[PDB]
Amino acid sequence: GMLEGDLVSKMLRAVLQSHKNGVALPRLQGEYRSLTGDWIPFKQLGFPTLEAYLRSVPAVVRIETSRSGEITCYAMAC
């Protein structure tokens, strides 16, 4: 019944909530596949990059950059 976008959001929240210190963006597709069996379908959902998809779901994921320019993704409270 759920929209593809709603299902992916729910799975991503499930991935991020396991990890108290967040997930480095380069590791995120792998950590999501570990839970779900497949990749985050960011192109399908209408985004050019995984980062652009993540920006579009701010109530699921908090983005923070590091000095190197890498993103770490945290589960947004709620």
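Throughout, we count residues from 1 along the sequence that is shown.
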Between 67-75 and 1-9, the record assigns the higher mean Cα B factor to 1-9
Assert higher mean C-alpha B factor (48-56 or 33-41, deposited values) equals 33-41
Tertile call for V61 (CA temperature factor, within chain, third-based) is the lowest
Chain-relative C-alpha B factor for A14 (record values, thirds): the highest
